[PDB]
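The structure under discussion appears below in the form of structure tokens.
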Amino acid sequence: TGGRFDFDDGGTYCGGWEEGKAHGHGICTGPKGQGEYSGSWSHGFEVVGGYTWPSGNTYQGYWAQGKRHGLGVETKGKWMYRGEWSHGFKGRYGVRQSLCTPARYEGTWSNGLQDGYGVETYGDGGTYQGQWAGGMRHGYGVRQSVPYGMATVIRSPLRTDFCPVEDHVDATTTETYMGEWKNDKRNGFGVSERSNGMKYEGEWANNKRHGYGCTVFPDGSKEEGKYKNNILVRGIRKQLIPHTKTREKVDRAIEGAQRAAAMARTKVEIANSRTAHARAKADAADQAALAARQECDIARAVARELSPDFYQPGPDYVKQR
């Protein structure tokens, strides 16, 4: 059977029911009539259907225990996510993609944040591949710039593709960083190398050379010792009449950076695997979203027949967006 029920909070359920619970197809609006689910129900819970927020953003896919769960597609402003959901949040595997450019992330997620392994393609076409935690590049991974003249101009200290931006560059130069990241920044041991032959091997903090390391310039000359915020503050040479161990500390930092770069390459391989599984789950989510739109159409017709004057707000939400 079917019916219309009002909740104390101002929302409504209109649709099929059995044993005092939503069952079959039906529409349910949120408190004060804001937000709308339209789709199938089993024993009080959504199963396959669409949610529309007042902004016009939508989720179309599967549900469990009252939440987005399993495969589904979310459209939120200029970003769409296709893939798996768990207890209302993105994950484990899926793809978030821009509606108008190739910028995207493919890989794993935790609680709606990029987390585990994956690859982000930035607006300029450059990438990060490797480990993520809590939405941030964190662990080991590789940053690949595009040519400098094409790369997005971002202020220091947030910029991560060319670090630092200084005069050993031309419009064609690219930069790669392979090594450790902390909290979205180059931090710890790592190697940066440019296509003009410049290279730094050593320690980083806050996207800057910081600690011991060696820079080789395109002409083959070197600057090495202890860096503070990208500035060399102690060189290798001892004073005329001196104990210090700068030479040894630089050599140990170079070794640490080369090991971290190798580890980052290992993490890239895992991240590439995760992106292939994420793309497969995104394609599966496209099918889940189609099923949800079909169930939504049935639910709209059921509620229109039961309660012709009940306002289903979802279509107008999308129209006004």
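Fewest Cβ neighbours within 10 Å first, please rank 117, 317 accordingly. Each step should come with its number before you reach the end.
Numbers: 117 23, 317 19.
In increasing order of surrounding Cβ atoms, one gets 317, 117.
Of the GluC sites (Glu not before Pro) found in region 6-106, those that fall in a DSSP loop while having at most 11 other beta-carbon atoms within 10 Å are 19.
Of the peptides 122-129, 168-175, the ranking by mean beta-carbon count within 10 Å, highest at the top, reads 122-129, 168-175.
Taking the Cβ of residue 104 as the centre, find all other residues whose Cβ is under 9 Å away and add up their charges (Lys, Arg: +1; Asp, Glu: -1).
-1
For the chain, what does -39500 (n - 2.57) per DSSP helix run (n ≥ 4), summed and divided by total residues, give at 222 nm, in deg cm²/dmol to the nearest 500?
Roughly -7500 deg cm²/dmol at 222 nm, from the helical runs in the chain.
Along its first, second and third principal axes, ordered by size, region 150-276 spans 60, 30, 25 Å in Cα coordinates. Take the Cβ atoms of residue 156 and residue 89, set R0 to 35 Å, and the FRET efficiency comes out at 0.60. Taking Cβ atoms as reference points and 10 Å as the exclusive limit, the residues near residue 79 contribute a net charge of +3, counting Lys and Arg as +1 and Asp and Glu as -1. Normalised by 2.2 N^0.38 Å, with N the number of residues, the alpha-carbon radius of gyration of region 1-146 equals 1.27.
A Förster radius of 45 Å combined with the Cβ-Cβ distance from residue 320 to residue 237 puts the calculated FRET efficiency at roughly 0.05.
Using the average count of surrounding beta-carbon atoms within 10 Å as a protection proxy, the listed peptides 230-240, 94-104 rank, highest first, as 94-104, 230-240. Points 7 angstrom from Cα along the Cβ direction at residue 78 and residue 304: gap in nanometres? Reported label-point gap for residue 78 and residue 304 is 3.5 nm. Treating each Cα of region 1-74 as an identical point scatterer and ignoring solvent, apply the Debye formula and state log10 I(q)/I(0) at q = 0.25 Å⁻¹. Calculated log10 I(q)/I(0) at the listed q: -1.17. Label reach from residue 272 (point 7 Å along Cα→C-beta): in region 170-208, amide nitrogens under 20 Å belong to 175-180, 191, 193. Kirkwood Rh and Cα-based Rg: tell me the resulting Rg over Rh for region 34-103, rounded to two decimals. Rounded to two decimals, Rg/Rh equals 0.99.
A simple spin-label model places pseudo-atoms 7 Å from Cα toward Cβ; at residue 42 and residue 99 they are separated by 3.2 nm. Here residue 251 and residue 111 are evaluated by their C-beta separation; at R0 = 35 Å the FRET efficiency comes out at 0.25. Among 86, 273, 221, sorting on how many other beta-carbon atoms sit within 10 Å of each Cβ, with the fewest leading, yields 221, 273, 86. Of the cross-linked pairs 32/281; 78/182; 199/238; 21/78; 90/228, those separated by over 30 Å at the C-alpha level are 32/281; 21/78; 90/228.
Between region 259-300 and region 181-257, how far is it from one alpha carbon centroid to the other, in angstrom? Cα centres, region 259-300 to region 181-257: 39 Å.
Relative intensity of the chain on a log10 scale, I(q)/I(0) at q = 0.10 Å⁻¹, equals -0.68, per a Debye sum over C-alpha point scatterers of equal strength in the absence of solvent.
None of the figures in this text is laboratory data; all of them are computed from the coordinates on show. Cβ: placed from backbone, ideal geometry, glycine included. Neighbour counts: every protein chain shown.
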